[PDB]
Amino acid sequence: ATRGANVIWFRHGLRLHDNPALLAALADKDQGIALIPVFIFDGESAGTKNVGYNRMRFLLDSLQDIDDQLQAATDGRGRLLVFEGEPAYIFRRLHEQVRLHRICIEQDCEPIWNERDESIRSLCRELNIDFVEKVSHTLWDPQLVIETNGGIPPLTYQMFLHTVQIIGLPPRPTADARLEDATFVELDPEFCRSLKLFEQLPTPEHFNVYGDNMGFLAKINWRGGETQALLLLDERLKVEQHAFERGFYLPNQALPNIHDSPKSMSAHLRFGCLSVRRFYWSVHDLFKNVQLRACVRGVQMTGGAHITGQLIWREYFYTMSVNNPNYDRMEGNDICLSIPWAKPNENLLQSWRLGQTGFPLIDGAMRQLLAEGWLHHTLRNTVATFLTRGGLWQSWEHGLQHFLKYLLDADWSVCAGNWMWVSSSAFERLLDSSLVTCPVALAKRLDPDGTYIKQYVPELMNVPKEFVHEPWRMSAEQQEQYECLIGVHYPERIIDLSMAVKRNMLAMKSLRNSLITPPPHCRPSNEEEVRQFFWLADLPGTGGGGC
């Protein structure tokens, strides 16, 4: 704090590697400019506006990871300062203590962050402070791929692939930061109490966040932070290594597995614990210059396109929301079809949230969502269709707000886009087939021996495998013979699906004859894209049928 100080404000991108904003904050070590790493609980940033217990713990685990790494490389001189209040109020009064030359941040391209960031930009113009903004949460610059497509984001996944190949490959991750020679600031102890500088790392209880509806089914647990994200990346980079030397995927690898352990990095990518560019260019360097022939779920393995294509799905949804604050709703949302959803049935909606629908796979997935906060992509498709076009004809907004609260990742743009991609695509009639919107048939495909169902629906523990997916088929004597009387211990089906899929298919067909014009909306590229999205494989598409 001799000649001033630079601020690296953390919101997302809670990491030290591949942090251009951190490097720009460390670029004045020679001039004696100090470094101040800060995180502010302003009541919305890092997804704290609508958060449950599982994601708040994940965020606090990442803040501690940054805090422990700073001390491990600065002999204890480096400290992550966690505040709680208005960001513009904290930065102005902190400028009274030490001179702020540059305030470095990572670009949050989502429009819900525009108010927060433009107030800091307006503050720096008043105090003559450099406002440094770096793009590192996404692979490309969202404004660069939007202007390439003519000032509007691509609405289909293929239209996004066509534009990024024009721009080229995304930038490589930056080098690591050296903090052994960096100086920090010891400010006034009373100034810390006024601006609410935490002396200890807070807990979710400090923010009135306690155990959720189910508490916790401690079968799957996730430790946040940059250390665990890099530990899981190397674990997966070796699984791809074995499949790379093998040249093909084992049949058990290409199939969706819902009985596995916490290996997903979607929560580490949302908070920015793991760099998306480091994920991308680690797969690229491991696959380039080796031609392959086998595929993984209809996507080639040559060049790692089956892995890096997943990171483009995330980039494709992040950019569609940039200049659209109504992206989470349908009124005022220009790229979402207006579907006549039924009236809010909060009795059925509560049966969907609590996992009391009478359908085993739906209940087992929603109870895992409440307890553990993570669902497989196949299970997220099932509960989304069952709530919307597939089962109850409820608006996807009621499912988005529930997901954004209990999900570990819960990207405001990725989660909202996936709800519209699946529920509000009227001209993709393959989504109306019960062969893709039936949880009973899918239960036999993902959970053959009822291992997953009985693990998160414990009332079905003793029913034999011949009646797990269809408990209603048991006799009156058999129902009390396995401690499961449908309607008492296990709830009955809140709706008849076979008569519900008929109502919804005709109600959606009614929209198509009224809208012969297909307006620009978030939709699948083609029918082949639906089959890979819903992990169909053997019998999907036109002419595939039931073999």
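Counting begins at 1, following the sequence as shown.
- Message: Per the record, averaged over C-alpha atoms, which has the higher B-factor: 473-481 or 205-213?
- Response: Stretch with the greater average CA B-factor: 473-481.
- When the C-alpha temperature factors are averaged for each of 254-262 and 98-106, which stretch ends up with the higher value in the entry? The entry gives the higher C-alpha B-factor average to 254-262.
- Query: Between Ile339, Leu370, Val414, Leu292, which carries the biggest CA temperature factor in the record?
  - Reply: That would be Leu292.
- Message: Among the choices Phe248, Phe160, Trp374, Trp396, identify the one whose CA B-factor in the record is greatest.
- Response: Answer for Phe248, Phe160, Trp374, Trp396: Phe248, with the highest C-alpha B-factor.
- In terms of the chain's CA B-factor thirds, is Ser275 lowest, middle or highest? It falls in the bottom third of the chain.
- Message: Using only modelled residues of the chain, where does the Cα B factor of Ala537 rank: lowest third, middle third or highest third?
- Response: Highest third - that is where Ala537 ends up once the chain's C-alpha B-factors are sorted.
- Item | B-factor third for the C-alpha atom of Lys238 within its chain | Its C-alpha B-factor, which the entry lists for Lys238, ranks in the highest third among residues of this chain.
- Task: Please place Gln69 in the lowest, middle or highest third of its chain by C-alpha B factor as given in the entry.
- Result: Middle third.
- Message: Ranking the modelled residues of this chain by C-alpha B-factor as given in the entry, is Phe131 in the lowest, middle or highest third?
- Response: It falls in the middle third of the chain.
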